[PDB]
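Hydrogens, waters and symmetry mates are skipped; everything else that's a heavy atom, side chains included, is used. Throughout, a chain's letter reflects where its sequence line sits, starting with A, and its residues are numbered from 1.
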Amino acid sequence: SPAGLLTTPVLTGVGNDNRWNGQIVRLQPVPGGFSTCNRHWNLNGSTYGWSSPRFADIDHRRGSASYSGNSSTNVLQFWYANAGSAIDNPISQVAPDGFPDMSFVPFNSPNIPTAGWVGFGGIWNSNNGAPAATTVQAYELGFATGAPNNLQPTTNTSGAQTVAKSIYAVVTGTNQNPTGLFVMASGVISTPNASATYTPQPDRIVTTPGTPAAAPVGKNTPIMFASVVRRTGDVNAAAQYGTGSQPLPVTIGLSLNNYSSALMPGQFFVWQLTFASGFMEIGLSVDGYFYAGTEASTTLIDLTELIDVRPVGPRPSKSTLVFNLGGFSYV
Amino acid sequence: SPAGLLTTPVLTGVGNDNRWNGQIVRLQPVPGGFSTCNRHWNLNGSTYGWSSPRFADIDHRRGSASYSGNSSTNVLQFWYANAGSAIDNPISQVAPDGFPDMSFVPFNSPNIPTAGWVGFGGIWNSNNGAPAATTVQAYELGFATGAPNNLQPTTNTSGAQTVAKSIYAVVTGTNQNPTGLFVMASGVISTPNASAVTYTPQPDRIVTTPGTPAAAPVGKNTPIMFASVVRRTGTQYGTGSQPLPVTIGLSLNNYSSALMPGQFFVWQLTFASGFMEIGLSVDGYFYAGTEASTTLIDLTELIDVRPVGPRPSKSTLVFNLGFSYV
């Protein structure tokens, strides 16, 4: 049984989302529907993605480094490799383990990309003991086509390129080819302007061709888990949610065991979330997507008042998940 | 039952160690014994540590940054805070969530510290929408005393300082107080030419609170660490007290009823050739019946894990083990 997968701590600070590695604080309904495969597991113990269920490092040993500058000094470093070139990755060759499943957002100095996934790391050659010191910086990472000359964002893995561009200047850029990329897997959100939205929007998510999509069933609507993720802006400048398909502990549990016997298609495994006032049910589909009986609502659900989580059991997907939330109570 | 906590995938691919977030490939016995509290959970659903059961970004906003040297550029950036100053951390104020439980290894440019814990990040001022860009670099993070003038390693939290120093030069150093440290939780091992450390951290390098329970031999049973392959800068192994999935499971539920002190929950690990028993204490430490042997057990040929149930800690855990395709 998958009942163990979700317990109160998972939604009360133990749990981090599977995309940004930020602490989960809210549930975000997605009536429009969405698709996710990276670091996302199904009840069949499988992923259509390219990443293990952890946030370690993103490494690719065979990429091409370039920069566009009149001068070598103070340029934005660029690196890219073709999707499907990550031969060192056991899970999939589409991209290096932990590479973010978001479409690349193109930008030029002195601007920073809106709603970009950003990580810390740099250019590292396989033959070298250390990364090129001059290149270590915050980098936006994304999927794109047309690198390096005509970058375009893409949400389809096939024919894509895995690209990285520093959002802040590196003291000296490099043109080395081939050369490696090393970036930490836990990301921050780059925004020039204070937005309030959530990232990524469904249109930004990159998936493989076979990836199953999440769509509303009756009054039940797919949800993403909203996390607190640090935001990075204009340098030298005085100073919101990140969303993931699954809580990481759930993702890890699904990876560990095959749950085919427990659930059948047309069924959701259900848990009840109890708040100081009221309660709601959320359901997990066979494809690993979570649902709430929120219908058309896009309002974020605050987890601050969450008191308890307990299993309900397998239930028909067609049956409306309970949504009975009444402010704030000390109870 | 805690039987569910350990399954074959945890030790054969999926499992990542709780210290480095590397992929677990082996079991390393520690005859001398050791202690660990950070990102370590017991069967009472508790930690003596300062970290959540995940690799949370290391964020401390009230630290002091400075650098030492001839000029403001190509200098090693330094940041420090007193242990017990992590007020924003709900778990403990000892250190920021995800700060490594390793004693700081002092070093001078152009050298990289031997067996240092290294993470990527930079100085970030709270009033600023971005980090000080000149400072993003790889940093050694550790517990020390004497900051910033006379750094010395320490394995005790009391009177300690949580410290960071870049192992490679920063474009331009910064002097600010207070200012934040922002470093990713997953770490890389710093290895200098020569030195040749077999695995890190060694027991004498681990930082713990005064209240942390020690892991010591019980009969022929010896406490073990989980060995993982960790990216290195400068075959070297990174070790953690627990597989993270186990740490997460322990955090999720209270297993106090399940086991009694002086008892181990036991599983049998079946290998292509031979088998062995592994036990988990109430303190959350893992044991093998290796006695004084220090052989790295290769989990590559592990084929199955099955629960045995509670057994007295004193009773010997069975140990019955070239290269085989099979």
Next item on the list: Quick one: do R19(A) and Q246(A) satisfy side-chain hydrogen bond (donor to acceptor under 3.5 Å, both in side chains)? Show the steps, please.
Entry: CA-CA 8 Å; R19(A) 176 173 291 113; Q246(A) 299 174 330; over 6 Å; no
Next item on the list: Could you walk me through whether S285(A) and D287(A) pass the side-chain hydrogen bond (donor to acceptor under 3.5 Å, both in side chains) test, one step at a time?
Entry: CA-CA 5 Å; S285(A) 78; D287(A) 286 323; 5.0 Å; no
Quick check: does any side chain N or O of [X] sit under 3.5 Å from a backbone N or O of [Y], one acting as donor and the other as acceptor?
X: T47(B); Y: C37(B); value: yes
X: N82(B); Y: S85(B); value: no
X: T8(B); Y: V305(B); value: yes
X: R54(A); Y: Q23(B); value: no
X: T155(B); Y: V207(B); value: no
X: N42(A); Y: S46(A); value: yes
X: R39(B); Y: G49(B); value: no
X: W41(B); Y: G284(B); value: no
X: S227(A); Y: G22(A); value: yes
X: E281(A); Y: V322(A); value: yes

Can you find a side-chain donor-acceptor pair between [X] and [Y] that sits under 3.5 Å?
X: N16(B); Y: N21(B); result: yes
X: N258(A); Y: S260(A); result: yes
X: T154(B); Y: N156(B); result: no

Sub-6.0 Å ring centroid separation between [X] and [Y]:
X: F279(A); Y: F323(A); answer: no
X: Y139(B); Y: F120(B); answer: no
X: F286(B); Y: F264(B); answer: no

Nearest-0.5 Å distance that lies between atom [atom1] in [X] and atom [atom2] in [Y]:
X: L250(B); Y: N44(B); atom1: CG; atom2: CG; answer: 10.5 Å
X: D59(B); Y: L181(B); atom1: CG; atom2: CG; answer: 8.5 Å
X: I301(A); Y: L273(A); atom1: CD1; atom2: CG; answer: 8.5 Å
X: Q272(A); Y: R310(A); atom1: CD; atom2: CZ; answer: 4.0 Å
X: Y241(A); Y: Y198(A); atom1: OH; atom2: OH; answer: 13.5 Å
X: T162(B); Y: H60(B); atom1: OG1; atom2: NE2; answer: 5.5 Å

Minimum heavy-atom distance between [X] and [Y], given as atom pair plus value:
X: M224(A); Y: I205(A); answer: CE-CD1, 4.2 Å
X: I91(A); Y: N89(A); answer: N-OD1, 2.8 Å
X: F55(A); Y: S186(B); answer: O-CB, 3.8 Å
X: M184(B); Y: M184(A); answer: CG-CB, 3.6 Å
X: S277(A); Y: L325(A); answer: O-CD2, 4.1 Å
X: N18(A); Y: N38(A); answer: ND2-O, 4.2 Å

Note to self: For the residue pair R26(B) and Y237(B), would you count it as a cation-pi contact if the rule is NZ or CZ under 6.0 angstrom from the ring centre and within 45 degrees of the ring axis?
What the structure shows: no
Note to self: Consider side chain to side chain contact (heavy atoms under 4.5 Å, CB included). Of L27(B), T270(B), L317(B), which one does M276(B) pass it with?
What the structure shows: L27(B)
Notebook entry, point to check: Within a radius of less than 6.0 Å around CZ of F34(A), do more than 12 heavy atoms belonging to other residues, nucleotides or ligands occur?
Noted result: yes
Next item on the list: State whether the number of non-hydrogen atoms from other residues, nucleotides or ligands found under 6.0 Å of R62(B) atom CZ is greater than 12.
Entry: no
Next item on the list: Under the ring pair (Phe, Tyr, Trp, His ring centres under 6.0 Å) rule, collect the residues that match up with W50(B), sequence neighbours excluded.
Entry: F143(B)
Any side-chain heavy-atom pair of [X] and [Y] under 4.5 Å:
X: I252(A); Y: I248(B); result: yes
X: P222(A); Y: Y291(A); result: yes
X: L280(B); Y: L43(B); result: yes
X: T212(B); Y: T157(B); result: no
X: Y255(B); Y: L5(B); result: yes
X: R231(A); Y: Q240(A); result: yes
X: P96(A); Y: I58(A); result: yes
X: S241(B); Y: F226(B); result: no

Next item on the list: Evaluate the side chain to side chain contact (heavy atoms under 4.5 Å, CB included) criterion for residues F104(B) and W117(B): first the C-alpha distance (whole Å), next the side-chain angles of each, then the deciding distance (0.1 Å), finally the verdict.
Entry: CA-CA 8 Å; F104(B) 184 80; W117(B) 184 102; over 6 Å; no
Margin query: Assess the residue pair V14(B) and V10(B) against the criterion (side chain to side chain contact (heavy atoms under 4.5 Å, CB included)); give the C-alpha distance rounded to whole Å, side-chain angles, the decisive distance to 0.1 Å, and a yes or no.
Written below: CA-CA 5 Å; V14(B) 172; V10(B) 172; 5.9 Å; no
Notebook entry, point to check: Could you walk me through whether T200(B) and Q236(B) pass the side-chain hydrogen bond (donor to acceptor under 3.5 Å, both in side chains) check?
Noted result: CA-CA 8 Å; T200(B) 319; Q236(B) 158 84 47; 2.9 Å; yes
Check: Does the pair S51(B) and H40(B) meet the rule for a side-chain hydrogen bond (donor to acceptor under 3.5 Å, both in side chains), with working shown?
Finding: CA-CA 8 Å; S51(B) 297; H40(B) 181 95; over 6 Å; no
Item checked: Audit row: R61(B), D88(B), salt bridge (charged side-chain N to carboxylate O under 4.0 Å, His left out) steps and yes/no -> CA-CA 9 Å; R61(B) 313 193 174 188; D88(B) 299 306; over 6 Å; no
Next item on the list: Check the pair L11(B), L6(B) against side chain to side chain contact (heavy atoms under 4.5 Å, CB included), reporting the backbone distance first and the verdict last.
Entry: CA-CA 8 Å; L11(B) 304 173; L6(B) 197 69; 4.0 Å; yes
Next item on the list: Mind running side chain to side chain contact (heavy atoms under 4.5 Å, CB included) on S1(B) and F265(B) for me, showing each step along the way?
Entry: CA-CA 9 Å; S1(B) 176; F265(B) 189 98; 4.0 Å; yes
